[PDB]
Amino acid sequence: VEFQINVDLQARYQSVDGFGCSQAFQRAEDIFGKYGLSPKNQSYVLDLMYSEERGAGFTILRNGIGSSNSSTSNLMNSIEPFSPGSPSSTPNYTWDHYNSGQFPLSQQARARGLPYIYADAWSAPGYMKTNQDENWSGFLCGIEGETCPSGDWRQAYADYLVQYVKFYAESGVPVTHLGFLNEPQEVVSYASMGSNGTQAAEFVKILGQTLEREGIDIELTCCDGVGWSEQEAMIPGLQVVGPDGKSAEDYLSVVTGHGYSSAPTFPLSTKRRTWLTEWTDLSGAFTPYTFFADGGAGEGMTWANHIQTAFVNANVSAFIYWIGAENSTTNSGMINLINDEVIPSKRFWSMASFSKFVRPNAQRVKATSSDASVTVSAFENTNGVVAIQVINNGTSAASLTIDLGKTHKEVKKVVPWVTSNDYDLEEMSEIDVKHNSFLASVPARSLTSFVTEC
């Protein structure tokens, strides 16, 4: 045996909620033909993203709760664009059955089986904030240390987020996960809003209490920090048990962070599930076809490794890329649209390799490799399908011996699915398994998903 891979289904780790992307800042409109995409390719892109059989079967869609009072440039417009005059005044809410294209997108994703919709606000509306502006950070009026002459807007913001979730549910598209901050560290020209851990915790408790009063069942998140270390720094604040004997962590279902300022390479110190909720290559490079060339930020293998590391080393339950599909020739999205043209990147195919076979409620299980040139991850689905991801970073093909150890069902067949410079997500011939062990060659510089049958 040249390379030994051992999988142990009796050594079990975190659950998986899934994989996906956002179509925020009007990028959902691109999929529906804003820049000339044909009806054929609109349907094709939705199948690539959300069909388990025809595509990646993404299971999480992250939508923006818009803060803007218009839909100019790439703004996401708000359900409450204009101040009601005071926090206690009756709000005027507008529902356009659109949400910058994210509503019809959510309908199309759900039609193809998508279970999880994560609605996240980048900012409260400007009139609820210290700077009276959705932009350039600022704080929710009434949060600890941040008073405003117009009064305390904390309950108004909670009621606003509840009303967004209600419009979605009433329109047949329930939201499963809810967040109220994005990158609270960042002071930027676009929708942004500040909070440290204790300021975030204060609002988590108000929002959780509001949802419980309304009888709405939804998973709360915090805080989409700009990097993994930056999110870790907020967790002590979320864990402070207040006078009432509750922490923010008691109300939270998921702790969320981004990969930009620091990558998900270590476990966060929360007792909750964690999600990597945004990450991409923002360099402005264009790397659609490269799985491996020289370790560029946009290469397929870079992203296969980011995903594998997030699950094995950072203990995440989900991985959400930034934009799925957009009219651009950069690496910001997984799928480049060029008017009526669809170019799925190797970053897309790396995501697809995981997402297609690691279905919601899968559990990560122990998987080891005898050699640092081959890195491995493994998950058992609730239907018993085992999906093993192998990255071969050798310059030659690697002959693997893969032992599945002790299992309930004797495994009889396994199917390899390959992603490389030569292959997108290519199904290879089934391999016969004997005594829960099999041999497989994997190409140089490749990702292979080995998927067990029945």
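The first residue of the sequence shown is number 1, and the count goes up from there.
Set 261-269 against 146-154 and average the Cα temperature factors; 146-154 ends up higher. The PDB entry records a higher mean C-alpha B factor for 213-221 than for its counterpart among 213-221 and 119-127. Of the candidates 67, 26, 429, 42, the deposited coordinates give 429 the top C-alpha B factor.
Going by the entry's values, 88 shows the largest Cα B-factor out of 107, 277, 182, 88.
Compared with the other modelled residues of the chain, the Cα B-factor recorded for residue 286 ranks in the highest third. Residue 33: CA B factor in the middle third of modelled residues in this chain (values from the PDB entry). Looking at the C-alpha B-factors along this chain, the one for residue 246 belongs to the highest third. Annotation for residue 393: CA B-factor lies in the middle third of the chain's modelled residues. Sorting the modelled residues of the chain by their CA temperature factor places residue 381 in the middle third.
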